[PDB]
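>>> Mind folding the following:
(chains A and B)
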Amino acid sequence: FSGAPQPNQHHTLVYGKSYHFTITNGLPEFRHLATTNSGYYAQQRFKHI
Amino acid sequence: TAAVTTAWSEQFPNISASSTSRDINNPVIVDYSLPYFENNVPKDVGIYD
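Numbers count the residues shown, from 1 in each chain, chains lettered A, B, ... in the order given. What follows is the structure:
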């Protein structure tokens, strides 16, 4: 007799979705951000990207 | 001295054209020298040539 355990399970999942979005223009803008711990950052946001 | 956070602004004193569309105006000028009192002058450049 020669025993052996059962296998581990290996499952594969496949999912997916489709969406319809709309986006628009936007001029670039800037600001400076201050945060706790004396954090300071120069920020530039591209409202068109 | 007061590294505080500021408000967003599109008012870039002078943002680079490498980051956004920027208007430029550099019309070419054609000179027709008149060094003498009575000069020999050509007809206006025919730009279509």
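>>> What is the burial count for the residue nearest to residue A:27 when sequence neighbours are not counted?
Distances taken as Cβ to Cβ, 6 or more residues apart in numbering or on different chains place residue B:10 nearest to residue A:27, at 4.6 Å, with adjacent residues excluded. Placement of C-beta: from N, CA and C, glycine included. By the criterion of other Cβ atoms under 10 Å in any protein chain shown, residue B:10 has 13 neighbours.
>>> what about residue 33, which SS state?
Here I'm looking at chain A. What DSSP: H, G, I helix; E, B strand; the rest coil gives for residue A:33 is strand.
>>> OK, contacts around it?
A:39-43, B:5 (Cβ atoms under 8 Å, 6 or more residues apart in numbering or on different chains).
>>> Taking chain B, what residue is nearest to chain A?
residue B:5 (4.0 Å; Cβ to the nearest Cβ).
>>> burial of that residue, as a residue count?
13.
>>> Mind telling me what element it is part of?
Following DSSP states H and E, there is no helix or strand that holds residue B:5.
>>> re the thing from before, wait, which of the contacts of residue A:33 is closest to residue A:28?
Among these, residue A:43 lies closest to residue A:28 (Cβ to Cβ), at 11.0 Å.
>>> mind listing the strands for chain B?
With DSSP state E applied, chain B shows no strands anywhere along its length.
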